Amino acid sequence: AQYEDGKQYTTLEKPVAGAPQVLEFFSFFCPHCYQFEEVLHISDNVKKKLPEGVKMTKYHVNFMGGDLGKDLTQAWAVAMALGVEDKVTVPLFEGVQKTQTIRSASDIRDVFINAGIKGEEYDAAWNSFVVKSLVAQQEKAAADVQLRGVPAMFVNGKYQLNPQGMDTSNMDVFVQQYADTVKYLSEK
Ligand SMILES: COc1cccc(Oc2ccc3c(CC(=O)O)coc3c2)c1
């Protein structure tokens with residue numbers, strides 16, 4: 001078969017009941033995740049191959065970056081709560097991995113301020129229980145699949161993308177294979 005379990009994807013031994021349709025995990029510390037966002041634009045190319053309105057979910061993880069990694073999961077919860085993911089993803093990636101100007105929770109806040117989020121608005125969200133709940137959600141989703149590495153994408157809580165089984169000589173061909181595999185899995 002053109003798509004087969006163990007090749008472009010694997011099948012979770014313990015399916016996760018009631019998981020998002022398309023669930024992506026990343027870390028702002030993760031070098032491949034940097035490539036996935038700035039160079040390959042995986043999330044956008046998956047979205048363009050799914051039916052309009054389909055829910056794509058992207059969550060941050062704690063297991064990279066120690067203390068600052070946990071701060072970044074909370075800041076991503078702030079980003080999701082405020083709807084400003086598209087405003088802070090690039091400057092957070094570049095702050096952690098390119099310029100290395102993000103060394104504290106205050107430096108993370110600076111990124112939001114520079115992106116136009118008001119300080120009182122950021123601080124109110126940071127300390128809110130809605131954000132605490134969004135942190136819990138991100139952690140639970142990762143725990144549900146015993147997540148030990150990123151980037152990762154899961155489809156319907158049953159299938160995990162396997163990008164190691166794809167040619168990488170051409171960046172554009174790899175992206176479309178990835179997105180076509182998500183589409184195929186979403187139609188299973
Ligand atoms: C410029 O960046 C690119 C572009 C195209 C292909 C490519 O190849 C990859 C991408 C991600 C991963 C992972 C994910 C992990 O396990 O961290 C494992 O092997 C990988 C191989 C990298």
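Both backbone and side-chain heavy atoms feed into the values below; hydrogens, waters and symmetry mates do not. Here, residue 1 is the first one in the sequence, and each next residue gets the next number. Both ligands and their constituent atoms are indexed starting at 1 by order of listing.
Among the candidates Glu85, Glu37, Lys58, the single residue satisfying the side-chain hydrogen bond (donor to acceptor under 3.5 Å, both in side chains) test with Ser43 is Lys58. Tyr9 pairs in a side-chain hydrogen bond (donor to acceptor under 3.5 Å, both in side chains) with only one of the listed residues (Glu4, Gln160, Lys188), which is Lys188.
Of the options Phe174, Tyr34, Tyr178, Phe36, the smallest heavy-atom separation from atom 5 (C) of ligand 1 is shown by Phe174.
Looking at heavy atoms from C-beta onward, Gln138 lies out of side-chain contact with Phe25 at the 4.5 angstrom threshold. Using a 4.5 Å heavy-atom threshold, the side chains of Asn45 and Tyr178 count as separate.
Dense packing is recorded around CG of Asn170, with more than 12 heavy atoms of other residues, nucleotides or ligands lying under 6.0 Å away.
Under the 4.0 angstrom criterion for non-hydrogen atoms, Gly149 is not in contact with ligand 1. In this structure, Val175 has no heavy atom closer than 4.0 Å to ligand 1.
Considering backbone and side-chain atoms together, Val150 places an N or O closer than 3.5 Å to an N or O of ligand 1. Here's the thing with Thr168: none of its N/O atoms is less than 3.5 angstrom from an N/O atom of ligand 1.
Contact annotation: for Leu40 versus ligand 1, heavy atoms closer than 4.0 Å belong to the side chain alone.
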